[PDB]
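Q:
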Amino acid sequence: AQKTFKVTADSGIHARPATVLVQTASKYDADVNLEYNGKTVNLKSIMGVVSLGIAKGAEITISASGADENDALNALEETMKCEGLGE
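Its first residue numbered 61, the sequence shown is counted upward by one per residue in the working numbering.
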């Protein structure tokens, strides 16, 4: 499944926020991906997510595919909202 968000954090997704998203994604069996502007990366890789240079105002899609895909997605959505990263 997938869900789209808008990035609202001023400094966008640098290493710190990227680490938060990966630590959550890392807890699930599903494959978890982050798409931005037509580029797709593993959400279980910090370097992968930082390489995008995602900034404030960006639209991103997160998908999960597997046995815990729907709880994986919920987790990430909450992670994202609690941290002020995106909504």
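Idealized CB from N, CA, C, for every residue including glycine.
Which whole-angstrom value is the C-beta distance of residue 94 and residue 109, which I expect to be below 8 Å?
A: Counted from its first residue, the sequence shown places residue 94 at position 34. Counted from its first residue, the sequence shown places residue 109 at position 49. Contact holds; Cβ gap of about 6 Å.
Q: Mapping the DSSP letters down to three states, classify residue 131 as helix, strand or coil.
A: Numbered from 1 along the sequence shown, position 71 holds the residue referred to as residue 131. Of the three classes helix, strand and coil, the one that applies to residue 131 here is helix, per DSSP.
Q: By a C-beta neighbour count over all protein chains shown, 10 Å radius and 16 as the cutoff for buried, is residue 146 buried or exposed?
A: Walking along the sequence shown from the start, residue 146 turns up at place 86. By the neighbour-count rule (16 or more Cβ atoms within 10 Å), residue 146 is buried.
Q: Considering only residues of the same chain and omitting the five flanking positions on each side of residue 126, which have a CB-CB separation below 8 Å?
A: Within the sequence shown, the letter at position 66 stands for residue 126. Contacts found: 88, 89, 90, 91, 132.
Q: Looking at the structure shown, is residue 106 part of a helix, part of a strand, or coil, going by DSSP?
A: Taking the first residue of the sequence shown as position 1, residue 106 is located at position 46. Three-state result, residue 106: helix.
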